[PDB]
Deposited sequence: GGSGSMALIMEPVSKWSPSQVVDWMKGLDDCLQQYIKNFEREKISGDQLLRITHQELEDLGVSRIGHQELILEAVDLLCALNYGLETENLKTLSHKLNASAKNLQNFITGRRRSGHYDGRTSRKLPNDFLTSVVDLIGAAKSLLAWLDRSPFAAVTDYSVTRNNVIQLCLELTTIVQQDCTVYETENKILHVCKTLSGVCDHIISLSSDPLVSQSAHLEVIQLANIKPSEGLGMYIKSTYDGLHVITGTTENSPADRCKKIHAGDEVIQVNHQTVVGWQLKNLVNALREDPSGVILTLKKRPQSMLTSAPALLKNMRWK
């Protein structure tokens, strides 16, 4: 929300380079050119391949690093105000439906050899994987809100993983996957039907929270996990800590800015540096769950 934070689309080139300084060491060689071209948060959110190449980024590993950061930037600018449990459930049911219609589709085509081949096409893996992603996202949202049914999805996602690893004909692999698909959805519907109708549509918000240290460079007293997806997530605080007493930092919160600097795609290293910079306190912009 524009009261707590200024849109990424409003960032100046300086603001762009600033956030770029906390990304991977191997990408700094480029910020010189981003500078010179006056690349703004505007253009950044939609940077294209050809643009990355003109900025000097040939090694598409380096490209992918940048775009994975900018993808996170997009989740923040468009998604935070938007993503709710309904959204997430729709995305899960959708990727399962599409998988199903994929399977039954393949099977009526003239070129089908699924009853003979055990060679599983790459479509299948990307689909299965993507669906498992949808289910993990649903569950990461469920944990920060109001156990049996949590194991369900986990098992179901696992049944998927073992299905595509079985030295199996593809018709049988397809029957097995088709089954997981139908039930995974049903579980998803059930999770929804069991959900309070005020929370189920609410999305997350931002908050500013100011800490005050009481000794030079003291522990603020929070524990922070940095997910592979890039997230910096507070997992808990410690008693009699600034963080604990402020009553405003909670497990599940995600560090969005540190001292008014967006640290979203950052390497733990540089986030750590950010948090430590001022021994006297820290301003945290936290992504807060609707609960």
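Where C-alpha coordinates are absent, the deposited sequence of this PDB chain has the segments 1-5, 152-158, 304-319.
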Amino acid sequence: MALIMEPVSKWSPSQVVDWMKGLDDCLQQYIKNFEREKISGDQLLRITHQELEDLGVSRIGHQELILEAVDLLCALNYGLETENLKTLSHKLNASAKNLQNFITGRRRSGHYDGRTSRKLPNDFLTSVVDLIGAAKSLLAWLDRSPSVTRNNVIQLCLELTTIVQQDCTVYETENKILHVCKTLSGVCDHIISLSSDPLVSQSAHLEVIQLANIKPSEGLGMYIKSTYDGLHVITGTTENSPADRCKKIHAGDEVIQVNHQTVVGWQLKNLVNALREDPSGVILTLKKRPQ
From here on, numbers count along this sequence of modelled residues.
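Stretch comparison (244-252 versus 261-269) by mean CA B-factor in the PDB entry places 244-252 on top. Legend: mean Cα B-factor per stretch from the PDB entry, 235-243 versus 22-30; the higher mean is in 235-243. Between the residues 184, 170, 206, 99, the entry's highest C-alpha temperature factor is the one at 170. Remark: of 104, 213, 84, 77, 213 shows the highest value [criterion: C-alpha B-factor in the PDB entry]. Residue 284 sits in the middle third of its chain by CA B factor, as recorded in the PDB entry. When the modelled residues of the chain are ordered by C-alpha B-factor, residue 68 sits in the lowest third.
Sort the modelled residues of the chain by CA B factor and residue 227 lands in the highest third. Per the deposited record, the Cα B-factor of residue 130 falls in the middle third when ranked against the other modelled residues of its chain. For residue 155, the recorded CA B-factor ranks within the middle third of the chain. Only modelled residues enter the ranking.
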